[PDB]
Amino acid sequence: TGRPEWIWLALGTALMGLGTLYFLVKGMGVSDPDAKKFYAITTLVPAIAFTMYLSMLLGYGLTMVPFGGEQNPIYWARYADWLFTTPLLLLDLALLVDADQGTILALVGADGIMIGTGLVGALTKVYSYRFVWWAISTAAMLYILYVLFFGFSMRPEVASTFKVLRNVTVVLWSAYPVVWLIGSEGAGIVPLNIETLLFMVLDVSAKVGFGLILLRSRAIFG
Amino acid sequence: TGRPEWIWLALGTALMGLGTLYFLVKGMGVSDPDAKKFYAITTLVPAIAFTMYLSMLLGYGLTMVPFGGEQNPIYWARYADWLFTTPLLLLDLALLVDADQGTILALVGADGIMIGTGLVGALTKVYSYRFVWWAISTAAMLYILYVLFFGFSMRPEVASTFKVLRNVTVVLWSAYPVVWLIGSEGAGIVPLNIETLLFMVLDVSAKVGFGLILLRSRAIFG
Amino acid sequence: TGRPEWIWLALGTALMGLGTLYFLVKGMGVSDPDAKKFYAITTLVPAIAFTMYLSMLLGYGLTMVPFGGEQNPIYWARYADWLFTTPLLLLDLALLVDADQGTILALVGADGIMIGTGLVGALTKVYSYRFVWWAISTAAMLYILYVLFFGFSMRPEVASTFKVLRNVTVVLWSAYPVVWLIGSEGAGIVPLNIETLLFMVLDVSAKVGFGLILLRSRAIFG
Ligand SMILES: CC(C)CCCCCCCCCCCC[C@@H](C)CCCCCCCC(C)C
Ligand SMILES: CC(C)CCCCCCCCCCCC[C@@H](C)CCCCCCCC(C)C
Ligand SMILES: CC(C)CCCCCCCCCCCC[C@@H](C)CCCCCCCC(C)C
Ligand SMILES: *C/C=C(C)/C=C/C=C(C)/C=C/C1=C(C)CCCC1(C)C
Ligand SMILES: *C/C=C(C)/C=C/C=C(C)/C=C/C1=C(C)CCCC1(C)C
Ligand SMILES: *C/C=C(C)/C=C/C=C(C)/C=C/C1=C(C)CCCC1(C)C
């Protein structure tokens, strides 16, 4: 369509769709109930992203937010996606290391705060206050990363895969608040079409890439 | 009120209300914790439907969607209802057969996708794209029905009741995408008042009827 | 700002923020997984309230509802807060007494109905119908309080702390439907600035006060 960012929404839609089908076919047959959990969690994340990318591509997951003088296009469906997919990613990690439920509740809740305050930030019409919401969101992110590194006798297989996925998690997740801040939601330093491209590369990496690492690991079997 | 479909919203409200009270009285006394789960899940479904039918009856759960040239009345509160009640129905099934958590997560998540894409479809202003959302929603439905039939040593009591409720589930759930497609949300072949009547009969059957079958079964006791 | 109720939103924001930091520091070190659950649940409640108070203070969590002839300011973010924080409060209670899952599902679901019908009531433009939603909401509240008193060999420590928190719960929770009914959401007998002050005192008491009682108890350790 008109919107130049359309091609990145179309590619994202396609890549999430293909990833969903791949993981779906891949988990056919699996009977190990622990493996089943990782396959469910891990197939569901790009299925949800597929629907949210498609909603952006079709125009449904877009709204206009007045701020800094103008009508800023804001892809709210990114935050619907993340609201459900980032806790499932953290569940994949938590399950791997057999986390305490209290620890899982702290992570899912901090994550909810992260995404929800990010969405408030994205929809806030008072420009300076958008960055107050960003800061709080970023503090929840930093709580989550802290817990992943200082909050957790696993089998050596779990440990190696967990350490890989944890490091993937820190580099990819930490990029999101930077893209937001320099993109059209924040300081407007990078244009929306480039902003959309960067979140597309992160999304596919953090969903389909992450899942490929994890579903190839023997850490997922009991 | 003016809206001819009001009588079906009023009857639905009444039938869900009476069903809620019946199951509520019925489960008084029960102490078998397994039975308690089935009674909770099963009383909660028509209590939620009661509130959503009433919201439609009062006009709150209605909005107007422009598409195909006109202002189409869309009862969004149907999708709020279903968003919470269809996973609880699937939980009743999953519990009955002592499903793996991975299997339950796949079902609840596919269900979320089903209802959420149905709601996007219902609110989409570009007429052809409403049916893309319908198709995806229907594919999630077909995943869920597949799992119920090819994804599951139960006691013979569980097996007989599960088989009954599973067959109820397939016939009733499969009717919903057809009603949507022929009703005012889709091709507009059947008028809104008839559409509302058909979803009312399905809703009461799939909630109050289903629950009556299940709560009469000894399959629910440990 | 202009709104006289701002000072109560500012104090609430501050008190929830300080409470969040206090519980956060307080739970550093804890390793007893049961204690961890109570600390997570209990730190998360004022963290969420902090964000929702701040959203009200900044103006984001406010909307205007036409009814009784006028444009009534309605702080919808109170209901987002409560939607997540009241089930976590009930979880703290349920965990304490080692409730049956069926009993926990009945409580969380009745609670969802309570808050959701309260939000419908708050946003309903037909004045008489606001009180139909209030009545249903209040009936869900009374179900929840019934269960807390007639639905539950605990260690004597659990019993004493549970009995304290249960009595706190009844007096504080029962005040909310009264404030709503006499405040600007309901009969408009008490002005919005006083209404906001009363919910602020209840909120801080029911979150930060409650949590202080509970986290000081040895009932939370295995
Ligand atoms: C290993 C196989 C079978 C995977 C392919 C399934 C689905 C689609 C491609 C997903 C691959 C991506 C790897 C994750 C990491 C990222 C940094 C990818 C970002 C995009 C790069 C574009 C180059 C080609 C692609 C179409 C993958
Ligand atoms: C078995 C008893 C005690 C049940 C009655 C409790 C609550 C209300 C009626 C619910 C009954 C419905 C059976 C489920 C199946 C359906 C196909 C019903 C659709 C509607 C039919 C209208 C005929 C009468 C009714 C008012 C039930
Ligand atoms: C015990 C300690 C360390 C607590 C302080 C941490 C956080 C802030 C204050 C929370 C205290 C409140 C007690 C709960 C009960 C309520 C009825 C309080 C309502 C407000 C009263 C105003 C008086 C002073 C306050 C700022 C606490
Ligand atoms: C599937 C996509 C994933 C893993 C997305 C992760 C998104 C985040 C970590 C977002 C973080 C943000 C902040 C920390 C600051 C405010 C803006 C956000 C929401 C982009
Ligand atoms: C309590 C009500 C129940 C059991 C409702 C079930 C609803 C569905 C199975 C809806 C399905 C739909 C599709 C498959 C296609 C798009 C439209 C929907 C949402 C009606
Ligand atoms: C953290 C805040 C808490 C514990 C808030 C509790 C809120 C309630 C118990 C609200 C109850 C209401 C009703 C019973 C009637 C309708 C209005 C409400 C939502 C205020």
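Residues numbered from 1 in each chain as written, not as in the entry; some residues may be left out. Chains lettered and ligands numbered in written order. Heavy atoms only, no water.

Trainee: Sorry if this is basic, but what is going on with the site of ligand 6 here?
Mentor: Residues and elements named next belong to chain C. The immediate surroundings of ligand 6 are formed by 17 residues, with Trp82, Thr85, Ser137, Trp180 and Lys207 found nearest. Out of a free accessible area of 530 Å², ligand 6 has 100% covered by protein chains. Elements that contribute at least two residues to the shell around ligand 6 include exactly α3 (77-96), α4 (101-123), α5 (127-150), α6 (156-182) and α7 (192-216). Broken down by element, the residue count for the shell around ligand 6 peaks at five residues, all from α3. (Near = heavy atom within 4 Å. Areas by Shrake-Rupley, 256 points an atom, 1.4 Å probe, with all protein chains shown as cover. Helix = DSSP H or I, 4+ residues; strand = E, 2+ residues; numbered from the N terminus.)

Trainee: Can you help me understand the relation of the copies chain A and chain C in this one?
Mentor: Mapping between the two copies of the chain is achieved by a rotation about an axis and a shift along the axis. With an RMSD of 0.0 Å, chain A superimposes on chain C once it is rotated by 120° and translated 0.0 Å along the axis. Between the two chains, the operation in question is that of a three-fold axis. (Least-squares fit on C-alpha atoms.)

Trainee: Even after reading the chapter, I still don't get the UniProt feature "transmembrane region" in chain A, so can you show me in this structure?
Mentor: All names here are of chain A. When the UniProt feature table is mapped onto this chain numbering, "transmembrane region" sits at residues 6-25, 40-58, 76-92, 104-123, 131-150, 164-182 and 195-214. Secondary structure across residues 104-123 comprises 100% helix and 0% strand; the distance between its end C-alpha atoms is 29 Å. Helix makes up 100% of residues 131-150 and strand 0%, with an end-to-end C-alpha separation of 28 Å. (UniProt positions renumbered as here; feature names shortened; annotations may be inferred.)

Trainee: Help me understand the site of ligand 1, please; the structure alone is not making it clear to me.
Mentor: Residue and element names in this part refer to chain A. Lining the immediate surroundings of ligand 1 are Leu15, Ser205, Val208, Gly209 and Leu212. Taking 680 Å² as the accessible area of ligand 1 by itself, protein coverage stands at 45%. Among the elements that line the shell around ligand 1, the one with the most residues is helix α7 (residues 192-216), at four residues. Residues of the shell around ligand 1, tallied by class, amount to three nonpolar, two polar and no charged. (Nonpolar A, V, L, I, M, F, W, Y, C, P; charged D, E, K, R; others polar.)

Trainee: What is the right way to read unusual backbone geometry from this model?
Mentor: Leave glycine aside and you will find that most residues have negative phi; peptide bonds, for their part, are mostly trans. The phi dihedral of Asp98 of chain A is positive, around 60°, even though this residue is not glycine. Within the element layout of this structure, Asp98 of chain A appears in the loop between α3 (77-96) and α4 (101-123).

Trainee: Could you clarify how one ought to interpret the side chain of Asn72 of chain B in this entry?
Mentor: All names here are of chain B. Turning to its location among the elements, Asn72 is positioned in strand β2 (residues 70-74). Of note is the side chain of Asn72, whose polar atom sits 3.2 Å from the backbone oxygen of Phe67. Once residues lying within four places of it in the same chain are set aside, the contact partners of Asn72 are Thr63, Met64, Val65, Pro66 and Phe67. (Polar contact = N/O pair within 3.5 Å; in protein donor to acceptor, adjacent residues only side chain to side chain. Contact = heavy atoms within 4.5 Å.)

Trainee: Explain the packing of α3 of chain A against α7 of chain A to me, please; I cannot follow it from the model alone.
Mentor: Packed helix pairs are specified by the crossing angle of their axes together with the interaxial distance, meaning the distance between the axes. All names here are of chain A. Interaxial distance between α3 and α7 falls to 12 Å at its minimum, and their mutual angle equals 30°. Judged on the interaxial angle alone, α7 and α3 are roughly parallel. The hand of the α3/α7 crossing is left-handed. Of α7, the residues touching α3 (which contributes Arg78, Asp81, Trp82, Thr85, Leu89, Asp92, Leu93 and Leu96) are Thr196, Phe199, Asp203, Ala206, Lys207, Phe210 and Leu214. Looking at the contact of α3 with α7 residue by residue, the classes come out as eight nonpolar, two polar and five charged. (Axes fitted to C-alpha atoms, helices over the stretch in contact; angles between N-to-C directions. Parallel < 35°, antiparallel > 145°, perpendicular 65-115°, else oblique. Left-handed = near helix turned anticlockwise from the far one by under 90°.)

Trainee: Teacher, can you tell me more about the packing of aromatic side chains here?
Mentor: Two aromatic rings, taken as a pair, are described by how far apart their centres are and by the angle between their planes. Applying the stated criterion across every chain, the model contains 36 aromatic pairs over all chains. Here the aromatic rings of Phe67 of chain A and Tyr127 of chain A are separated by 6.0 Å at their centres, their planes lie at 15°, and the arrangement is stacked. Of the two residues, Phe67 of chain A is situated in strand β1 (residues 63-67) and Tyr127 of chain A in helix α5 (residues 127-150); the sequence distance between them amounts to 60 residues. For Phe67 of chain A, a relative accessible area of 7% corresponds to the buried category. Note on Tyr127 of chain A: relative accessible area 33%, which makes it partly exposed. Note that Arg130 of chain B overlies the ring of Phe67 of chain B, its terminal NZ or CZ placed 3.7 Å from the centroid. Over the ring of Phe221 of chain B we find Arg218 of chain B; its NZ or CZ atom is 4.1 Å from the centre of that ring. (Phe/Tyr/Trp six-rings, centres within 6.5 Å; stacked < 30°, edge-to-face > 60°. Buried < 20%, exposed > 50% of the residue type's maximum accessible area, 1.4 Å probe, protein only. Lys NZ or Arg CZ within 6 Å of the ring centre and 35° of its normal.)

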